[PDB]
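Worksheet: one structure, shown below.
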Amino acid sequence: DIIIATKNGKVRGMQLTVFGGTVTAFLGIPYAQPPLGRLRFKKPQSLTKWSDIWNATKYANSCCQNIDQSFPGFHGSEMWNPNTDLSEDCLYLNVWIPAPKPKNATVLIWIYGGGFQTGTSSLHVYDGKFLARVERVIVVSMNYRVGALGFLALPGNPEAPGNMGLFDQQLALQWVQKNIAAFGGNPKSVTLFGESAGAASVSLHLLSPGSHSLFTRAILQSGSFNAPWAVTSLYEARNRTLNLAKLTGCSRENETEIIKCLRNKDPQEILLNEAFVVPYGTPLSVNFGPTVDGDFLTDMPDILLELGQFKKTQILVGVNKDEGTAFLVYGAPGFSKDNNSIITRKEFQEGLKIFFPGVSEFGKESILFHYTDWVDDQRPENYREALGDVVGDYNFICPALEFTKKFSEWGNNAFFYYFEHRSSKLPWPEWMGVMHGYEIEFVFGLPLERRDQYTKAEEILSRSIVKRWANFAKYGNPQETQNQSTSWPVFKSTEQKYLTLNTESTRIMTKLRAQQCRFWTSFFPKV
Ligand SMILES: *[C@@H]1O[C@H](CO[C@@H]2O[C@@H](C)[C@@H](O)[C@@H](O)[C@@H]2O)[C@@H](O[C@@H]2O[C@H](CO)[C@@H](O)[C@H](O)[C@H]2NC(C)=O)[C@H](O)[C@H]1NC(C)=O
Ligand SMILES: *[C@@H]1O[C@H](CO[C@@H]2O[C@@H](C)[C@@H](O)[C@@H](O)[C@@H]2O)[C@@H](O[C@@H]2O[C@H](CO)[C@@H](O)[C@H](O)[C@H]2NC(C)=O)[C@H](O)[C@H]1NC(C)=O
Ligand SMILES: C[N+](C)(C)CC(=O)N/N=C/c1ccccn1
Ligand SMILES: C[N+](C)(C)CC(=O)N/N=C\c1ccccn1
Ligand SMILES: *[C@@H]1O[C@H](CO)[C@@H](O)[C@H](O)[C@H]1NC(C)=O
Ligand SMILES: *[C@@H]1O[C@H](CO)[C@@H](O)[C@H](O)[C@H]1NC(C)=O
Ligand SMILES: *[C@@H]1O[C@H](CO)[C@@H](O)[C@H](O)[C@H]1NC(C)=O
Ligand SMILES: *[C@@H]1O[C@H](CO)[C@@H](O)[C@H](O)[C@H]1NC(C)=O
Ligand SMILES: [Cl-]
Ligand SMILES: [Cl-]
Ligand SMILES: [Cl-]
Ligand SMILES: [Cl-]
Ligand SMILES: [Cl-]
Ligand SMILES: [Cl-]
Ligand SMILES: [Cl-]
Ligand SMILES: [N+]
Ligand SMILES: [Zn+2]
Ligand SMILES: [Zn+2]
């Protein structure tokens with residue numbers, strides 16, 4: 001029986017059997033004052049000391065959120081849905097420790113994605129006990145507020161200043177700084193990693209001065225702050241905030257007196273009104289996201305990046321081959337997870353209206369013109385794959401590549417990857433390829449469990465990725481040095497080399513999406 005004395009009081013963990021050994025788990029450690037009552041919409045308050053033994057033996061409450069329901073009973077959407085109660089009392093974090101207690105172990109801190117509207121750290125594919133067991137690192141994950149309750153912005157107003165979820169994360173980073181030592185961790189060797197909006201989060205942590213000293217290195221999986229969906233400006237933050245008030249009957253004149261109205265509304269009142277704060281949404285819509293608050297963010301992030309105003313350190317950045325296909329079955333006409341989704345030129349044209357609603361007719365013609373120069377004009381899946389590439393190149397890949405070029409231009413080592421393996425267990429149809437979110441299980445080493453009926457080639461690739469992530473965390477270099485692997489080159493802005501990750505062969509390529517990204521990053525802004 002192990003109990004660790006944190007600065008805030010004693011906490012009792014539990015022991016797990018992983019791969020013939022032990023990992024100690026502390027699920028559900030509180031790291032903030034519960035943000036309810038008058039604390040709703042506010043920055044996270046500090047934790048009051050306690051004098052008993054907190055039993056950190058089960059996952060905590062998940063933060064209030066709206067749940068995916070487009071496919072009830074379907075594992076492919078429900079693996080992402082919360083697996084603990086929803087409650088405003090949700091600011092908790094988890095710690096996996098190798099056994100026996102390491103001395104000065106590198107800490108990995110996971111920040112989950114979900115469009116800043118959904119997510120929870122208790123998901124099975126975020127289980128950190130494999131990483132603890134295999135690479136003797138410490139894995140920490142936290143829950144952070146999402147949707148309106150985590151990102152409602154009345155800018156300047158401390159009653160709802162914006163970016164509360166990001167301050168939740170930061171307060172958890174503060175926690176492992178003040179406490180990880182007692183678990184055997186090295187507060188000086190802390191690597192942030194996250195996926196989708198989690199990756200956008202860690203990219204903002206590279207910019208936030210208040211995060212500069214709370215971590216060492218950073219891993220960005222399928223996301224960056226410069227992605228079109230990732231930052232909401234101040235005028236849409238306010239139109240959205242005031243729309244929600246009109247929806248709940250909280251329109252008041254005194255700016256502050258709008259907030260106390262929302263603070264006495266039930267959590268489900270705000271949740272079901274969230275979707276309608278934008279007049280025309282898209283499958284990629286982030287209704288309440290990060291803003292320039294003058295606190296977490298001191299200025300617009302694109303300016304900070306372009307002028308080298310970020311934490312200088314190594315980064316690991318990468319994308320998946322079919323980032324965009326997940327979003328097609330949530331909106332585009334003619335798409336279905338239950339057929340081959342072969343669409344015509346006409347249907348391709350109406351998908352662009354879904355994904356680019358307020359963009360010109362000349363804008364949409366140029367997208368179609370760039371993405372329809374086929375090798376084979378007879379392929380019936382031409383337009384299907386093309387609209388998938390359009391959505392994936394615009395929302396994830398081209399921003400991620402631009403982030404890596406601009407970050408590396410200031411002298412730091414950067415490492416870019418291209419994940420192109422489709423999981424043998426992936427419950428979505430084959431036409432959707434290597435989907436958004438489905439490298440996560442490889443990173444967390446789930447195929448390392450042979451009972452889980454992953455393929456043998458998948459155990460090897462996960463083992464090699466798990467090693468490259470932990471080598472990057474520990475030593476700032478994502479090599480696998482022993483089994484004669486391909487050496488991962490630095491991403492230099494001149495040649496733009498990256499590593500493809502897959503079962504058959506890891507090769508070195510250059511200038512991922514050369515043409516597609518020039519169009520999206522240089523031309524498409526001007527239309
Ligand atoms: C700023 O917001 C207004 C408000 O729109 C409504 O706000 C809530 C009450 C909610 O019910 C939303 O779904 C509403 O749309 C936007 O005004 C609307 O704009 C659309 C088209 O853009 C128009 O068809 C509606 O008639 C407008 N509604 C009203 C009440 O005038 C407005 O568009 C937003 N700002 C910008 C620049 O678009
Ligand atoms: C692929 O399937 C989509 C999905 O819609 C189907 O509609 C049901 C009636 C049923 O047949 C289910 O298997 C699917 O969910 C098809 O798109 C629909 O097409 C019909 C007829 O043309 C139209 O009335 C609907 O509005 C369409 N709905 C959507 C969301 O697009 C599509 O035609 C199928 N294509 C192929 C090649 O199989
Ligand atoms: C919509 N759903 C109920 C499945 C929750 C969710 O997943 N919301 N996510 C939005 C988003 C936006 C941009 C990039 C990635 N994700
Ligand atoms: C939820 N996730 C961690 C995958 C990121 C996200 O928000 N993805 N967005 C849509 C989606 C929905 C189901 C399956 C795949 N992608
Ligand atoms: C914590 O767990 C121990 C071991 O089961 C138990 O004896 C103790 O009463 C628990 N404390 C609680 C639930 O407050
Ligand atoms: C842990 O490592 C740091 C350097 O990274 C060192 O300064 C510190 O004293 C070490 N502490 C322990 C307990 O090993
Ligand atoms: C109303 O506005 C004033 C300033 O305009 C502010 O000081 C006050 O706190 C607000 N709310 C209440 C309940 O007075
Ligand atoms: C290297 O090869 C050995 C022998 O097959 C294997 O057991 C080990 O897990 C491999 N390590 C990595 C990091 O791939
Ligand atoms: Cl050892
Ligand atoms: Cl055609
Ligand atoms: Cl046409
Ligand atoms: Cl097919
Ligand atoms: Cl096999
Ligand atoms: Cl290899
Ligand atoms: Cl062009
Ligand atoms: N290319
Ligand atoms: Zn999403
Ligand atoms: Zn490709």
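All heavy atoms count here, side chains included; hydrogens, waters and symmetry mates do not. For ligands, and for the atoms within them, numbers begin at 1 and follow the listed sequence. Counting begins at 1 with the first residue of the sequence.
Annotation: salt bridge (charged side-chain N to carboxylate O under 4.0 Å, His left out) contacts involving residues 146-157, sequence neighbours excluded, are absent.
For atom 6 (C) of ligand 7, the closest non-hydrogen atom on the protein side is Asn254 ND2, 4.3 Å.
Comparing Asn55, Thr57, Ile3, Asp1 against atom 14 (O) of ligand 5, the shortest heavy-atom distance belongs to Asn55.
There is no protein heavy atom less than 4.0 angstrom from atom 4 (C) of ligand 5. There is no protein heavy atom less than 4.0 angstrom from atom 9 (O) of ligand 7.
For the residue pair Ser196 and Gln221, no side-chain donor N or O sits within less than 3.5 Å of a side-chain acceptor on the partner. Between the side chains of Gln169 and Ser201, at least one donor-acceptor pair of N or O atoms lies under 3.5 Å. In summary, the side chains of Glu439 and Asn320 do present a donor paired with an acceptor at a separation below 3.5 Å, with no hydrogens or angles considered.
Applying the 4.0 Å criterion to heavy atoms of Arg12 picks out, from ligand 5, the atoms 1 (C), 2 (O). If you number the atoms of ligand 7 from 1 as listed, the ones under 4.0 Å from a heavy atom of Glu257 come out as 11 (N), 12 (C), 13 (C).
Of the two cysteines examined, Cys64 and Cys90, the SG atoms fail the criterion of being under 2.5 Å apart.
Side chain of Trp428 to backbone of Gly76: a donor-acceptor contact under 3.5 angstrom is found.
With a 4.0 Å cut-off on non-hydrogen atoms, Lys260 does not touch ligand 7 at all.
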